[PDB]
Amino acid sequence: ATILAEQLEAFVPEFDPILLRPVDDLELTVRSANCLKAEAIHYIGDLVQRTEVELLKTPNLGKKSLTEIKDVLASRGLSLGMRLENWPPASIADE
Amino acid sequence: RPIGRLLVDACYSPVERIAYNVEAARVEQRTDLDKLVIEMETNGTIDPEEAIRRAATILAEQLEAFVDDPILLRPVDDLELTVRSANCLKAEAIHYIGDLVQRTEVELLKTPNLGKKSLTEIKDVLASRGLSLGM
Amino acid sequence: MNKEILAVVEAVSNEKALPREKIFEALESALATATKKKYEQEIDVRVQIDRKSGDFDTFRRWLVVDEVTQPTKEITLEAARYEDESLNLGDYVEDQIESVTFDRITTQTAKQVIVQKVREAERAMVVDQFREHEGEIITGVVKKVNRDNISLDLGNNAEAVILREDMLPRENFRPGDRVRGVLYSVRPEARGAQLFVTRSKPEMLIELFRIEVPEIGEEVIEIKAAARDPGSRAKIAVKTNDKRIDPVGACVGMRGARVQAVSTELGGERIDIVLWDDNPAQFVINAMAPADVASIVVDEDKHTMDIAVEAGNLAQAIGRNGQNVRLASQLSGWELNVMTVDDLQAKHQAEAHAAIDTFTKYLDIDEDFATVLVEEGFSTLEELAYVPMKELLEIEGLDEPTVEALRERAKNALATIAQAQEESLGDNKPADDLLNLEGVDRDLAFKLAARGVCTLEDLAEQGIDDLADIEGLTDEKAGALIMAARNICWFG
Amino acid sequence: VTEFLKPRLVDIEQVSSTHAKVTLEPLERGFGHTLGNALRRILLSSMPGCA
């Protein structure tokens with residue numbers, strides 16, 4: 001084995017990128033996505049700052065759509081009510 | 001998982017035909033030397049020097065291997081250990097001979113009330129039964 | 001169908017003396033669990049059984065919580081209150097769900113949960129009613145004999161265990177044999193035996209005497225102590241407040257019939273019955289029976305007693321393998337040293353000579369004056385240093401100036417001995433070697449050196465058990481210091 | 001993708017003297033022959049010595 005091995009030694013500031021994505025990329029129900037757009041929530045970083053109590057005040061947002069939003073955010077390691085310092089980054093304020 | 005996917009078979013294999021032809025060497029003045037000429041047949045997905053490099057790496061990884069009982073089920077009390085050694089082993093939840101044989105000598109020396117003398121006794125008794133610490 | 005639920009609830013309530021409510025709560029939980037198993041997804045499920053019809057509704061339960069960790073079983077308080085404003089944290093939101101058909105699968109699950117509820121209700125109340133049995137001599141049938149334990153059947157689905165240490169050394173039980181034993185522990189373990197029975201511990205002897213001697217069951221005679229070598233010999237100490245009753249005679253019975261019944265149940269164990277005395281020396285004389293005691297010397301400071309016996313009685317006083325002295329020591333709580341009258345006199349002469357040598361050496365007194373101090377009962381430098389001045393002034397020939405000088409010399413001698421101990425280890429040996437062990441303060445180093453652990457090597461050789469009595473040293477801290485000492489001495 | 005079943009000599013049953021029997025497992029569905037053939041051809045000649 002030593003001979004055969006010696007014969008082979010010449011060969012061998014927004015929160016995060018995910019925060020900068022649109023809410024439509026969350027695969028939410030057509031109802032949940034349209035309810036969030038009606039409140040001017042465009043990015044995942046906007047959604048993550050809102051509390052559960054604020055989202056329940058949104059017109060036409062039911063308890064079922066709130067559970068869907070939580071389950072989807074939890075699948076990405078995000079939770080409702082995170083405070084991002086310096087959101088939105090100046091790169092988004094011009095659209 | 002849905003009914004719309006279609007699974008084909010997967011032939012993850014880039015090469016088709018590998019043929020070596022050994023032949024005599026004359027470049028070096030020394031005779032009785034050989035040249036190995038390998039004509040491969042790739043489908044374009046693999047560079048040839050990368051292929052020969054991965055093959056030599058796989059073979060030299062394979063030669064890395066050699067290049068540079070009903071007694072276990074018995075309680076520790078049946079080992080005829082000193083009352084000190086038996087009580088020190090029970091304090092660490094070592095009940096069976098099979099538990100004792102898995103512990104290393106360095107682990108047993110960390111146990112409370114476990115001296116160098118009691119460790120030598122445990123080794124001599126295990127050796128009398130053909131057992132060693134750290135199996 | 002409907003009326004059949006009521007008939008089942010009534011039959012089970014009457015037969016098992018169990019609250020109907022507890023049976024329904026458990027059937028609801030059983031049906032919820034059976035429902036959960038029919039879905040591929042982990043759902044939360046509440047079942048509600050109507051108490052009049054026996055009809056049942058099944059929900060998709062949604063545990064109302066503040067923070068949702070499981071979206072399949074949990075709902076936020078804000079979302080729950082959108083459906084019903086009356087809901088609080090810990091309530092359930094429901095969802096119209098098809099109730100599982102009561103097949104023999106749900107039927108089997110319901111039967112298992114009812115049986116488990118009866119174990120935690122009917123059988124639990126039976127054990128509570130048998131508070132006496134939980135402590136007295138329960139009777140069981142041997143169901144299984146293993147190497148390490150015996151499983152007893154007590155009836156009513158109650159199983160008890162006798163451990164190998166809880167058996168008598170010569171007992172051989174077979175499946176179907178009847179066995180008596182004391183229920184000494186009830187453990188609410190989720191798995192295993194719950195009832196632990198002993199035949200080896202002293203409680204078995206006490207309770208056998210309670211059953212065989214009516215005067216003990218009537219609290220006329222009290223068992224004060226029991227010491228036992230299981231299947232070989234025991235001693236019991238008995239007292240009575242009634243001067244008309246002989247407590248030893250009552251426990252022995254007519255021609256020994258009562259003590260022989262207890263002995264026979266214990267496999268021929270020899271039982272000595274002794275009179276309890278409130279005087280420790282008289283109680284130890286009684287405990288040493290059948291050996292005659294010639295004299296007792298009591299050391300209250302060491303909690304020890306030296307027992308002199310005639311040379312002919314020495315072998316009887318010790319007993320086979322020290323069994324008699326050991327049982328007497330366990331019965332009295334005193335450490336008992338059995339010797340001959342000649343050996344006791346030789347011991348006292350050697351102690352007196354050692355005290356005289358100590359006093360002559362450290363107090364700078366003559367041998368005649370040291371002998372007077374020992375004859376007046378002084379044996380240590382500590383006694384001379386700390387005893388009330390009145391007791392030293394009662395000695396013939398001591399004046400107040402001489403007593404003060406003697407106390408000052410005794411204190412200076414104790415200080416010189418303490419300093420020579422601190423210098424032997426704590427000013428050089430345990431101030432460099434044993435101190436190096438990370439964690440050793442100067443006080444702990446002197447406490448170690450007072451036990452003869454003067455060096456870092458001496459500490460590396462100790463067990464945790466050898467250091468366990470050192471005030472301020474926990475087993476964990478002892479283990480850490482011994483390991484630190486071993487790391488330096490053996491691996492440096 | 002470059003992770004194979006790295007093998008080992010589970011035992012060396014050296015039968016009697018001047019004779020061993022070395023078993024190696026586990027290899028791929030085809031590497032037993034290539035290591036047996038490589039070691040067989042090298043030991044036969046390449047291995048030097050004096051006579």
# chains A, B, ... in the order shown; residues from 1 in each chain; ligands from 1
>>> select_by_dssp(residues="chain D", states="helix (DSSP H, G or I)", output="ChimeraX atom specification")
/D:31-46
>>> write_last_selection(atoms="N, CA, C and O atoms", output="JSON list (two decimals), in the first residue's frame")
[["chain", "number", "residue", "atom", "x", "y", "z"],
["D", 31, "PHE", "N", -15.18, -2.56, -5.76],
["D", 31, "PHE", "CA", -13.84, -2.15, -5.36],
["D", 31, "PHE", "C", -13.04, -3.26, -4.72],
["D", 31, "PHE", "O", -11.81, -3.11, -4.57],
["D", 32, "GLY", "N", -13.69, -4.35, -4.33],
["D", 32, "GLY", "CA", -12.97, -5.51, -3.84],
["D", 32, "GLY", "C", -12.03, -6.07, -4.89],
["D", 32, "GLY", "O", -10.87, -6.36, -4.60],
["D", 33, "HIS", "N", -12.50, -6.17, -6.13],
["D", 33, "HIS", "CA", -11.66, -6.66, -7.21],
["D", 33, "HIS", "C", -10.53, -5.70, -7.54],
["D", 33, "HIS", "O", -9.42, -6.16, -7.81],
["D", 34, "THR", "N", -10.77, -4.38, -7.53],
["D", 34, "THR", "CA", -9.67, -3.50, -7.91],
["D", 34, "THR", "C", -8.61, -3.39, -6.83],
["D", 34, "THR", "O", -7.42, -3.33, -7.16],
["D", 35, "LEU", "N", -8.98, -3.48, -5.54],
["D", 35, "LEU", "CA", -7.93, -3.47, -4.55],
["D", 35, "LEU", "C", -7.23, -4.82, -4.44],
["D", 35, "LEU", "O", -6.01, -4.86, -4.23],
["D", 36, "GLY", "N", -7.97, -5.92, -4.60],
["D", 36, "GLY", "CA", -7.34, -7.22, -4.63],
["D", 36, "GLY", "C", -6.38, -7.37, -5.80],
["D", 36, "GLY", "O", -5.27, -7.87, -5.63],
["D", 37, "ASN", "N", -6.76, -6.88, -6.97],
["D", 37, "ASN", "CA", -5.91, -6.97, -8.14],
["D", 37, "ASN", "C", -4.71, -6.04, -8.04],
["D", 37, "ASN", "O", -3.60, -6.43, -8.43],
["D", 38, "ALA", "N", -4.89, -4.83, -7.50],
["D", 38, "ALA", "CA", -3.76, -3.92, -7.35],
["D", 38, "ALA", "C", -2.75, -4.45, -6.35],
["D", 38, "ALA", "O", -1.55, -4.54, -6.66],
["D", 39, "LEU", "N", -3.21, -4.86, -5.17],
["D", 39, "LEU", "CA", -2.30, -5.43, -4.18],
["D", 39, "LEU", "C", -1.70, -6.76, -4.64],
["D", 39, "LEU", "O", -0.53, -7.03, -4.35],
["D", 40, "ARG", "N", -2.45, -7.55, -5.41],
["D", 40, "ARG", "CA", -1.92, -8.82, -5.89],
["D", 40, "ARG", "C", -0.82, -8.61, -6.90],
["D", 40, "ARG", "O", 0.24, -9.25, -6.81],
["D", 41, "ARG", "N", -1.01, -7.70, -7.86],
["D", 41, "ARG", "CA", 0.03, -7.48, -8.85],
["D", 41, "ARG", "C", 1.25, -6.80, -8.26],
["D", 41, "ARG", "O", 2.37, -7.12, -8.66],
["D", 42, "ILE", "N", 1.07, -5.93, -7.27],
["D", 42, "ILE", "CA", 2.26, -5.19, -6.73],
["D", 42, "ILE", "C", 3.09, -6.15, -5.86],
["D", 42, "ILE", "O", 4.31, -6.23, -6.09],
["D", 43, "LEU", "N", 2.44, -6.87, -4.94],
["D", 43, "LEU", "CA", 3.16, -7.82, -4.05],
["D", 43, "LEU", "C", 3.94, -8.84, -4.90],
["D", 43, "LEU", "O", 5.11, -9.10, -4.56],
["D", 44, "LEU", "N", 3.31, -9.36, -5.96],
["D", 44, "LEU", "CA", 3.95, -10.40, -6.81],
["D", 44, "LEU", "C", 5.34, -9.98, -7.30],
["D", 44, "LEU", "O", 6.27, -10.79, -7.14],
["D", 45, "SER", "N", 5.48, -8.77, -7.87],
["D", 45, "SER", "CA", 6.79, -8.39, -8.46],
["D", 45, "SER", "C", 7.37, -7.12, -7.82],
["D", 45, "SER", "O", 8.47, -7.24, -7.26],
["D", 46, "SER", "N", 6.69, -5.98, -7.96],
["D", 46, "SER", "CA", 7.21, -4.67, -7.45],
["D", 46, "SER", "C", 7.94, -4.83, -6.12],
["D", 46, "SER", "O", 9.07, -4.31, -6.02]]
>>> closest_atom_pairs(of="chain B", to="chain C", cutoff="7 Å", atoms="only C-alpha atoms", output="Markdown table")
| residue | atom | partner | partner_atom | distance |
| --- | --- | --- | --- | --- |
| B:110 | CA | C:483 | CA | 6.5 |
| B:112 | CA | C:464 | CA | 5.4 |
| B:113 | CA | C:463 | CA | 3.3 |
| B:114 | CA | C:463 | CA | 6.2 |
| B:115 | CA | C:461 | CA | 6.1 |
>>> write_last_selection(atoms="C-alpha atoms", output="PDB file, in the first residue's frame")
ATOM      1  CA  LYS B 110     -12.184  11.319  37.025  1.00  0.00           C
ATOM      2  CA  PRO B 112     -15.082  10.235  42.878  1.00  0.00           C
ATOM      3  CA  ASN B 113     -13.186   7.993  45.400  1.00  0.00           C
ATOM      4  CA  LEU B 114     -11.246   6.313  42.513  1.00  0.00           C
ATOM      5  CA  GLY B 115      -7.509   5.924  43.247  1.00  0.00           C
TER       6      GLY B 115
END
>>> interface_residues(of="chain B", to="chain A", cutoff="9 Å", atoms="only C-alpha atoms", output="PyMOL selection string")
chain B and resi 52-57+59-60+63-64+66-68
>>> write_last_selection(atoms="N, CA and C atoms", output="tab-separated table (two decimals), in the first residue's frame")
chain	number	residue	atom	x	y	z
B	52	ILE	N	-9.19	12.04	-14.38
B	52	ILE	CA	-8.09	11.21	-13.91
B	52	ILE	C	-7.66	11.63	-12.50
B	53	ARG	N	-7.85	12.91	-12.14
B	53	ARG	CA	-7.52	13.39	-10.81
B	53	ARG	C	-8.51	12.87	-9.78
B	54	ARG	N	-9.81	12.89	-10.09
B	54	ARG	CA	-10.79	12.32	-9.18
B	54	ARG	C	-10.65	10.81	-9.05
B	55	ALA	N	-10.25	10.12	-10.12
B	55	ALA	CA	-10.06	8.68	-10.01
B	55	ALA	C	-8.88	8.33	-9.13
B	56	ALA	N	-7.77	9.06	-9.27
B	56	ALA	CA	-6.63	8.82	-8.40
B	56	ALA	C	-6.93	9.21	-6.95
B	57	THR	N	-7.74	10.24	-6.73
B	57	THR	CA	-8.12	10.61	-5.37
B	57	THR	C	-8.99	9.54	-4.73
B	59	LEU	N	-8.99	6.30	-5.48
B	59	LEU	CA	-8.21	5.10	-5.22
B	59	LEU	C	-7.26	5.29	-4.04
B	60	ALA	N	-6.62	6.45	-3.94
B	60	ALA	CA	-5.77	6.72	-2.79
B	60	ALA	C	-6.58	6.93	-1.51
B	63	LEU	N	-7.01	3.21	-0.43
B	63	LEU	CA	-5.85	2.65	0.24
B	63	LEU	C	-5.51	3.34	1.55
B	64	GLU	N	-6.33	4.26	2.04
B	64	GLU	CA	-6.05	4.90	3.32
B	64	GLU	C	-6.36	3.97	4.49
B	66	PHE	N	-5.19	1.03	5.11
B	66	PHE	CA	-4.01	0.36	5.61
B	66	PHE	C	-2.74	0.98	5.06
B	67	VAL	N	-2.68	2.30	4.99
B	67	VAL	CA	-1.44	3.01	4.73
B	67	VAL	C	-1.25	4.01	5.87
B	68	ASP	N	-0.03	4.50	6.01
B	68	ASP	CA	0.30	5.42	7.08
B	68	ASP	C	-0.20	6.82	6.75
>>> closest_residue(among="B:58, B:108, B:65, B:51", to="residue 38 of chain B", atoms="only C-alpha atoms")
B:51
>>> atom_distance(atom1="atom CA of residue 293 of chain C", atom2="atom CA of residue 268 of chain C")
27.2 Å
>>> closest_residue(among="A:70, A:76, A:63, A:83", to="chain C", atoms="only C-alpha atoms")
A:63
>>> residues_around(residues="residue 19 of chain A", least_positions_apart="2", cutoff="8 Å", atoms="only C-alpha atoms", output="ChimeraX atom specification")
/A:14-17,21,43-45
>>> write_last_selection(atoms="C-alpha atoms", output="mmCIF file, in the first residue's frame")
data_model
loop_
_atom_site.group_PDB
_atom_site.id
_atom_site.type_symbol
_atom_site.label_atom_id
_atom_site.label_comp_id
_atom_site.auth_asym_id
_atom_site.auth_seq_id
_atom_site.Cartn_x
_atom_site.Cartn_y
_atom_site.Cartn_z
ATOM 1 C CA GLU A 14 -32.482 46.173 6.045
ATOM 2 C CA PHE A 15 -32.546 43.179 8.476
ATOM 3 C CA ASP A 16 -31.325 40.498 6.002
ATOM 4 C CA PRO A 17 -31.469 39.550 2.287
ATOM 5 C CA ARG A 21 -38.030 40.062 -0.561
ATOM 6 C CA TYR A 43 -41.676 43.526 2.000
ATOM 7 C CA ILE A 44 -41.067 40.682 4.484
ATOM 8 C CA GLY A 45 -39.199 43.258 6.671
#
>>> closest_atom_pairs(of="chain C", to="chain A", cutoff="10 Å", atoms="only C-alpha atoms", output="CSV")
residue,atom,partner,partner_atom,distance
C:66,CA,A:52,CA,9.6
C:67,CA,A:52,CA,9.3
C:68,CA,A:70,CA,7.6
C:69,CA,A:74,CA,8.2
C:70,CA,A:71,CA,7.9
C:71,CA,A:71,CA,5.7
C:72,CA,A:71,CA,8.5
C:74,CA,A:67,CA,8.6
C:75,CA,A:67,CA,6.8
C:76,CA,A:67,CA,7.9
C:77,CA,A:53,CA,9.0
C:78,CA,A:53,CA,6.1
C:79,CA,A:63,CA,4.1
C:80,CA,A:63,CA,6.6
C:81,CA,A:63,CA,8.6
C:82,CA,A:63,CA,6.6
C:83,CA,A:63,CA,7.7
>>> atom_distance(atom1="atom CA of residue 434 of chain C", atom2="atom CA of residue 104 of chain B")
27.7 Å
>>> residues_around(residues="segment 211-221 of chain C", least_positions_apart="3", cutoff="7 Å", atoms="only C-alpha atoms", output="PyMOL selection string")
chain C and resi 207-208+238-240+247+251+258
>>> residues_around(residues="residue 34 of chain B", least_positions_apart="6", cutoff="9 Å", atoms="only C-alpha atoms", output="CSV table (one decimal) with N, CA, C and O atoms, in the first residue's frame")
chain,number,residue,atom,x,y,z
B,22,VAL,N,-1.1,0.2,-23.0
B,22,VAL,CA,0.3,0.3,-22.6
B,22,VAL,C,1.2,0.1,-23.8
B,22,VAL,O,0.9,-0.6,-24.7
B,23,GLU,N,2.4,0.8,-23.7
B,23,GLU,CA,3.3,0.7,-24.8
B,23,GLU,C,4.7,1.1,-24.3
B,23,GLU,O,4.9,1.7,-23.2
B,24,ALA,N,5.7,0.8,-25.1
B,24,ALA,CA,7.1,1.0,-24.7
B,24,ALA,C,7.5,2.4,-24.7
B,24,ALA,O,7.0,3.3,-25.4
B,25,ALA,N,8.5,2.8,-23.8
B,25,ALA,CA,8.9,4.1,-23.6
B,25,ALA,C,10.4,4.3,-24.1
B,25,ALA,O,11.2,3.4,-23.9
B,26,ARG,N,10.6,5.4,-24.8
B,26,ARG,CA,12.0,5.7,-25.4
B,26,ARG,C,12.4,7.1,-25.0
B,26,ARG,O,13.6,7.4,-25.2
>>> residues_around(residues="residue 123 of chain B", least_positions_apart="5", cutoff="12 Å", atoms="only C-alpha atoms", output="MDAnalysis selection string")
chainID B and resid 79 81 85 100:101 103:105 108 116:118 128:134
>>> interface_residues(of="chain D", to="chain B", cutoff="10 Å", atoms="only C-alpha atoms", output="PyMOL selection string")
chain D and resi 2-9+24-25+27-28+31+34-35+39
>>> write_last_selection(atoms="N, CA, C and O atoms", output="tab-separated table (two decimals), in the first residue's frame")
chain	number	residue	atom	x	y	z
D	2	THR	N	-18.49	12.60	-3.20
D	2	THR	CA	-17.15	11.96	-3.13
D	2	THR	C	-17.06	11.14	-1.84
D	2	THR	O	-15.93	10.80	-1.43
D	3	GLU	N	-18.21	10.83	-1.23
D	3	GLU	CA	-18.22	10.11	0.07
D	3	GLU	C	-18.52	8.63	-0.18
D	3	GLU	O	-19.67	8.32	-0.54
D	4	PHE	N	-17.52	7.77	0.02
D	4	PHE	CA	-17.70	6.31	-0.21
D	4	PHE	C	-17.74	5.57	1.12
D	4	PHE	O	-17.64	6.22	2.19
D	5	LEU	N	-17.87	4.24	1.07
D	5	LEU	CA	-17.82	3.45	2.33
D	5	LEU	C	-16.35	3.19	2.66
D	5	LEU	O	-15.81	2.16	2.20
D	6	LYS	N	-15.72	4.09	3.42
D	6	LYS	CA	-14.30	3.90	3.82
D	6	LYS	C	-14.16	2.58	4.58
D	6	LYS	O	-14.81	2.43	5.64
D	7	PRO	N	-13.34	1.61	4.10
D	7	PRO	CA	-13.24	0.29	4.74
D	7	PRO	C	-12.19	0.17	5.85
D	7	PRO	O	-11.61	1.18	6.21
D	8	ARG	N	-11.97	-1.06	6.35
D	8	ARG	CA	-10.95	-1.31	7.41
D	8	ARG	C	-10.70	-2.82	7.53
D	8	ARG	O	-11.58	-3.61	7.12
D	9	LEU	N	-9.54	-3.20	8.07
D	9	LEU	CA	-9.25	-4.64	8.32
D	9	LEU	C	-9.96	-5.05	9.61
D	9	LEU	O	-9.40	-4.78	10.69
D	24	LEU	N	-10.96	-7.44	4.52
D	24	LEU	CA	-11.23	-5.98	4.51
D	24	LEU	C	-12.67	-5.70	4.07
D	24	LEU	O	-13.04	-6.13	2.97
D	25	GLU	N	-13.42	-4.97	4.90
D	25	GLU	CA	-14.82	-4.60	4.56
D	25	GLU	C	-15.09	-3.20	5.11
D	25	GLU	O	-14.32	-2.74	5.97
D	27	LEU	N	-16.33	-2.47	1.04
D	27	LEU	CA	-15.94	-1.70	-0.18
D	27	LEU	C	-17.17	-1.54	-1.07
D	27	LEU	O	-18.23	-2.10	-0.74
D	28	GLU	N	-17.03	-0.81	-2.18
D	28	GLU	CA	-18.19	-0.56	-3.09
D	28	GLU	C	-18.55	-1.83	-3.86
D	28	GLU	O	-17.81	-2.82	-3.76
D	31	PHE	N	-15.18	-2.56	-5.76
D	31	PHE	CA	-13.84	-2.15	-5.36
D	31	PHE	C	-13.04	-3.26	-4.72
D	31	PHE	O	-11.81	-3.11	-4.57
D	34	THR	N	-10.77	-4.38	-7.53
D	34	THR	CA	-9.67	-3.50	-7.91
D	34	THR	C	-8.61	-3.39	-6.83
D	34	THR	O	-7.42	-3.33	-7.16
D	35	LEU	N	-8.98	-3.48	-5.54
D	35	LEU	CA	-7.93	-3.47	-4.55
D	35	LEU	C	-7.23	-4.82	-4.44
D	35	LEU	O	-6.01	-4.86	-4.23
D	39	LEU	N	-3.21	-4.86	-5.17
D	39	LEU	CA	-2.30	-5.43	-4.18
D	39	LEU	C	-1.70	-6.76	-4.64
D	39	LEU	O	-0.53	-7.03	-4.35
>>> residues_around(residues="residue 120 of chain C", least_positions_apart="2", cutoff="12 Å", atoms="only C-alpha atoms", output="MDAnalysis selection string")
chainID C and resid 16 18:19 22:23 26 113:118 122:128 157:158 188 190
>>> decode(residues="segment 5-18 of chain A", atoms="N, CA and C atoms", output="JSON list (two decimals), in the first residue's frame")
[["chain", "number", "residue", "atom", "x", "y", "z"],
["A", 5, "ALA", "N", 0.58, 3.99, -2.94],
["A", 5, "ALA", "CA", 0.25, 5.37, -2.60],
["A", 5, "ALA", "C", 1.34, 6.34, -3.04],
["A", 6, "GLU", "N", 2.61, 5.93, -2.97],
["A", 6, "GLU", "CA", 3.68, 6.78, -3.48],
["A", 6, "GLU", "C", 3.69, 6.86, -5.00],
["A", 7, "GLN", "N", 3.04, 5.92, -5.69],
["A", 7, "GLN", "CA", 2.86, 6.03, -7.13],
["A", 7, "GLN", "C", 1.64, 6.85, -7.53],
["A", 8, "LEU", "N", 1.01, 7.56, -6.60],
["A", 8, "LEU", "CA", -0.12, 8.42, -6.94],
["A", 8, "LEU", "C", -0.01, 9.82, -6.35],
["A", 9, "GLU", "N", 1.12, 10.20, -5.79],
["A", 9, "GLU", "CA", 1.22, 11.51, -5.17],
["A", 9, "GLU", "C", 1.45, 12.63, -6.18],
["A", 10, "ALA", "N", 1.56, 12.33, -7.46],
["A", 10, "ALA", "CA", 1.68, 13.35, -8.48],
["A", 10, "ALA", "C", 0.36, 13.64, -9.18],
["A", 11, "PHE", "N", -0.74, 13.04, -8.70],
["A", 11, "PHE", "CA", -2.07, 13.26, -9.24],
["A", 11, "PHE", "C", -2.95, 14.02, -8.26],
["A", 12, "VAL", "N", -3.07, 13.51, -7.04],
["A", 12, "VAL", "CA", -4.04, 14.00, -6.08],
["A", 12, "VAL", "C", -3.64, 15.34, -5.48],
["A", 13, "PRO", "N", -30.49, 50.33, 6.68],
["A", 13, "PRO", "CA", -29.97, 48.98, 6.79],
["A", 13, "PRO", "C", -31.09, 47.97, 6.99],
["A", 14, "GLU", "N", -31.42, 47.21, 5.95],
["A", 14, "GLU", "CA", -32.48, 46.17, 6.04],
["A", 14, "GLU", "C", -31.98, 45.01, 6.91],
["A", 15, "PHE", "N", -32.91, 44.27, 7.53],
["A", 15, "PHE", "CA", -32.55, 43.18, 8.48],
["A", 15, "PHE", "C", -31.63, 42.18, 7.77],
["A", 16, "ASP", "N", -32.13, 41.53, 6.72],
["A", 16, "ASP", "CA", -31.33, 40.50, 6.00],
["A", 16, "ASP", "C", -31.71, 40.48, 4.52],
["A", 17, "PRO", "N", -31.06, 39.64, 3.68],
["A", 17, "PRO", "CA", -31.47, 39.55, 2.29],
["A", 17, "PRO", "C", -32.92, 39.09, 2.24],
["A", 18, "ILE", "N", -33.26, 38.11, 3.07],
["A", 18, "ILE", "CA", -34.64, 37.62, 3.12],
["A", 18, "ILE", "C", -35.64, 38.74, 3.44]]
